[PDB]
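Engineer: Residue numbers (the authors' numbering), protein chains in the order written: chain A, 4 to 17, 27 to 62, 71 to 166, 169 to 233, 235 to 238; chain B, 4 to 17, 27 to 62, 71 to 166, 169 to 233, 235 to 238.
Quick one: the structure is below, questions incoming.
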Ligand code: NI
Ligand code: NI
Ligand code: NI
Ligand code: NI
Ligand code: NI
Ligand code: NI
């Protein structure tokens, strides 16, 4: 009963990004018997501590844990310090625990898909980096990245291949394909097509099979 | 001869948004014999003058026109003052000229589609308005709009129906459907689906037929 009750984690602290991560984080380790108890606090705090910021995410979440996590720490508190330290590839903190892996996947899946396509441009909005045609002709020029549409084939399109969770990869594979199709429509529209999608960008930015013949 | 040469409009002034608008603005009035000469300057300056801003876009573009447009003004200069004044529904300047209509469509199509889906979130980025789940449960709550994802069914999803150009509407209809499908994937992902799309949002935010049976 301390499986649903402890939801009163940030549900009494002081954000929704976590609500979802847990949701898909559970689906990743469904019926594997790993530790769906630590992984939780892992994905529930990885942000409470803002390339130096993840190593402190645990040197921060550990001290703060000694407040409400007072009831049940045990050995399950050193694992909540690797997960919440190995999720953002800003610190390159390689995840070793099979629990610290499920999070580095659930949170990293928040970079792809519909929400992912929204983050790239929202962020790119404040930072004001643009994303216009200044990026299409990059078939012959070079990627300056954060031109948001470039951030696409620099991090995002390369995220699924470096996915370290069995299912999480095939999942970060579909969502990563949703981004390409967006690129497909963006190319056309960008080439005054207004209708179809550039069936040439789908051919280069996403592994066929995810939609296909066999020779 | 003075149809391609005059491209040296902003090509020597002091932005790419125009390059495209003309492209699709020509396709809208293809073989109709209207005035593919004024419509051009129309879509080439509607921005040089930043709900009061469109009426001045012409009270500004007219004076500036008296510089390079010195060679060929004629009656074709009073039309370049209605178009470049009737394109943004911020001034509600109803377009009367069939030329001032092709622009209010070509420029308004830049709100839908792939580029459209990027603008909503980019802009929403600087203004920092968010767009998270705080918008999904709005099936029972109310839309505060600029929550970017709301800006969707408030302006964008209503743009194609108020389109005033023969073809331009069926065109702003497809691109407007591309936005819904995005909403479709956003719903699923938002509901921890990670795979398909909420085939319930496609059912409510876009007129079937654009993809369908017949009873
Ligand atoms: Ni995160
Ligand atoms: Ni699959
Ligand atoms: Ni097959
Ligand atoms: Ni504009
Ligand atoms: Ni059609
Ligand atoms: Ni039919």
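All residues carry an ideal CB built from backbone N, CA and C; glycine is no exception.
With three or more C-beta pairs closer than 8 Å as the rule, is the stretch 81-95 of chain A touching the stretch 141-152 of chain A?
Structural biologist: No, because fewer than three Cβ pairs between the stretch 141-152 of chain A and the stretch 81-95 of chain A fall closer than 8 Å, the two stretches do not touch.
Engineer: Could you pull out every residue in the same chain whose Cβ sits closer than 6 Å to the Cβ of residue 186 of chain A, ignoring the five residues on either side in sequence?
Structural biologist: Here the set comprises 121.
Engineer: I need the straight-line Cα distance from residue 78 of chain B to residue 30 of chain B, nearest angstrom please.
Structural biologist: Roughly 16 Å between the two C-alpha positions.
Engineer: Using a Cβ-Cβ distance under 7 Å, would residue 167 of chain A count as near chain B?
Structural biologist: This structure gives no coordinates for residue 167 of chain A. The numbering of chain A moves from 166 immediately to 169.
Engineer: I want to verify the contact list: residues of chain B whose CB lies under 7 Å from the CB of residue 128 of chain A, in sequence order.
Structural biologist: Here the premise fails: no neighbours, minimum Cβ distance about 12 Å.
Engineer: Reducing DSSP to helix, strand and coil, say where residue 28 of chain A ends up.
Structural biologist: Three-state result, residue 28 of chain A: coil.
Engineer: Give the C-beta separation of residue 111 of chain A and residue 74 of chain A to the nearest angstrom, bearing in mind that I take them to be a contact with Cβ-Cβ under 8 Å.
Structural biologist: Right, the Cβ-Cβ distance comes to about 4 Å (below 8 Å), so this counts as a contact.
Engineer: Can you list, in chain order, the residues of its chain with a C-beta nearer than 7 Å to that of residue 5 of chain A? Leave out the 5 residues immediately preceding and following it.
Structural biologist: Around residue 5 of chain A: 92.
Engineer: Mind checking if residue 16 of chain B is an interface residue toward chain A, Cβ cutoff 7 Å exclusive?
Structural biologist: No - not a single Cβ of chain A is within 7 Å of the one on residue 16 of chain B.
Engineer: Could you tell me whether the Cβ atoms of residue 127 of chain A and residue 46 of chain A are closer together than 7 Å?
Structural biologist: In this structure, residue 46 of chain A does not lie closer than 7 Å to residue 127 of chain A by Cβ.
Engineer: Less than 7 Å separating the beta-carbons of residue 208 of chain A and residue 134 of chain B?
Structural biologist: Yes, the Cβ-Cβ distance between residue 208 of chain A and residue 134 of chain B is below 7 Å.
Engineer: Return the first residue and the last residue of the alpha helix (DSSP H) that residue 79 of chain B is part of.
Structural biologist: Its alpha helix (DSSP H) spans residues 75-88.
Engineer: Step through the CB atoms of chain B and report whether any lies within less than 7 Å of the CB of residue 233 of chain A.
Structural biologist: No, its Cβ sits nowhere closer than 7 Å to a Cβ of chain B.
Engineer: Taking Cβ-Cβ distances shorter than 9 Å, what residues in chain A pair up with residue 221 of chain B?
Structural biologist: Within 9 Å Cβ-Cβ: nothing; residue 221 of chain B doesn't reach chain A, min ~14 Å.
Engineer: I want to verify the contact list: residues of chain B whose CB lies under 7 Å from the CB of residue 144 of chain A, in sequence order.
Structural biologist: Chain B residues near residue 144 of chain A: 142 and 145.
Engineer: In three-state terms, what does DSSP make of residue 13 of chain A?
Structural biologist: Looking at residue 13 of chain A - three-state DSSP - the assignment turns out to be coil, as it is neither helix nor strand.
Engineer: Which term fits residue 137 of chain A, buried or exposed, when burial requires 16 or more other beta carbons within 10 angstroms of its beta carbon?
Structural biologist: Counting Cβ neighbours within 10 Å, residue 137 of chain A comes out buried, since at least 16 surround it.
Engineer: With residue 140 of chain A and residue 170 of chain A assumed to form a contact (beta carbons below 8 Å), what rounded beta-carbon distance in angstroms separates them?
Structural biologist: Residue 140 of chain A to residue 170 of chain A, Cβ: 5 Å. Contact.
Engineer: Do residue 35 of chain A and residue 132 of chain A come within 7 Å of each other at the CB atom, strictly closer than that value?
Structural biologist: Not a contact, by the Cβ cut-off of 7 Å.
Engineer: Does chain B have any CB closer than 7 Å to the CB of residue 227 of chain A?
Structural biologist: No, because no Cβ of chain B sits closer than 7 Å to the Cβ of residue 227 of chain A.
Engineer: Name, please, each residue of chain A whose Cβ falls closer than 7 Å to the Cβ of residue 197 of chain B.
Structural biologist: Chain A residues near residue 197 of chain B: 216.
Engineer: My understanding is that residue 53 of chain B touches residue 100 of chain B, with C-beta atoms under 8 Å, so please give their C-beta distance in whole angstroms.
Structural biologist: At roughly 5 Å, the Cβ-Cβ gap stays under 8 Å, so residue 53 of chain B and residue 100 of chain B are in contact.
Engineer: Can you tell me whether residue 218 of chain A is buried or exposed? The criterion is at least 16 other CB atoms within 10 Å of its CB, across all chains shown.
Structural biologist: By the neighbour-count rule (16 or more Cβ atoms within 10 Å), residue 218 of chain A is not buried but exposed.
Engineer: For a contact meaning CB atoms closer than 8 Å, what does residue 28 of chain A contact in chain B?
Structural biologist: Within chain B, the residues near residue 28 of chain A are 152, 153 and 154.
Engineer: Could you list which residues in chain B have their beta carbon closer than 9 Å to that of residue 208 of chain A, in chain order?
Structural biologist: Residues of chain B passing the Cβ test: 133, 134, 135, 137 and 138.
Engineer: Helix, strand or coil, according to DSSP, for residue 199 of chain A in the structure here?
Structural biologist: Looking at residue 199 of chain A - three-state DSSP - the assignment turns out to be helix.
Engineer: Where does residue 55 of chain A sit, in a helix, a strand or coil, going by DSSP?
Structural biologist: Reduced to three states, the DSSP call for residue 55 of chain A is helix.
Engineer: State the Cα-Cα distance for the pair residue 165 of chain A and residue 159 of chain A, rounded to the nearest angstrom.
Structural biologist: About 14 Å.
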